[PDB]
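The chain below stands alone and is given as structure tokens, in the form deposited in one PDB entry.
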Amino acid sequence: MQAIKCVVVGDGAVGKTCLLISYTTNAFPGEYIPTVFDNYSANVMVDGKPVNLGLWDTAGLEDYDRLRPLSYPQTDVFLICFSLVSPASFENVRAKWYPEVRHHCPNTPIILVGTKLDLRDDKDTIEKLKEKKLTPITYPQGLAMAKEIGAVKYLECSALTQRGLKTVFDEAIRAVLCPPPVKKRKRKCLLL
């Protein structure tokens, strides 16, 4: 069973767990309770080939710096979640997330996600953004971003409408199969 480790992270306030749950439950029940556990896998269909998916979402807690997602390091591919209707989220994703990955240069593939699509294609909401002098991101805008950061693939989706959630995971899996592999192991010391 093709088991791939995918970790969902985003500079946004929330949307990390909702993204994963929406695809596994087809509907996010909500819950504001923080995240501590990790064990959470889901089956996905890619090209008719059953694939084991590892869902690991990090909570918005700084104290968990040490208790950080153990999967993160091994993560075959991490998803970049940001708000499309807000250019700022897009402005900072490449700003902070890119300099970090390049520092190690793991050559690990990286997928792009456009969570919250329901409000991205909303006229009235878009009108509201104008009030704050903000405009939503288009497809070619992100497409170009994938070229500069060398992202394996970039797509947009919603957890409420489920635009293309399955597509995110489906493409993310391929990110390791087709593009360059992953496999990253490095110990800190013999004893702890």
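In case it trips you up, residue 1 is the first one in the sequence shown, and so on.
From this point on, the text means the form solved in complex with a partner chain, which you will not see here.
For the chain shown alone, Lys166 is a contact residue for its partner chain in the deposited complex, at least one non-hydrogen atom being within 4.5 angstroms.
Its partner chain in the deposited complex comes within 4.5 Å of a heavy atom belonging to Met45. For the chain shown alone, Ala144 is not a contact residue for its partner chain in the deposited complex, no non-hydrogen atom being within 4.5 angstroms. Its partner chain in the deposited complex is approached by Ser41, whose closest heavy atom lies within 4.5 angstroms of it. Proximity to its partner chain in the deposited complex holds for none of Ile110, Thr135 and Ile137, with the criterion being a heavy atom within 4.5 Å.
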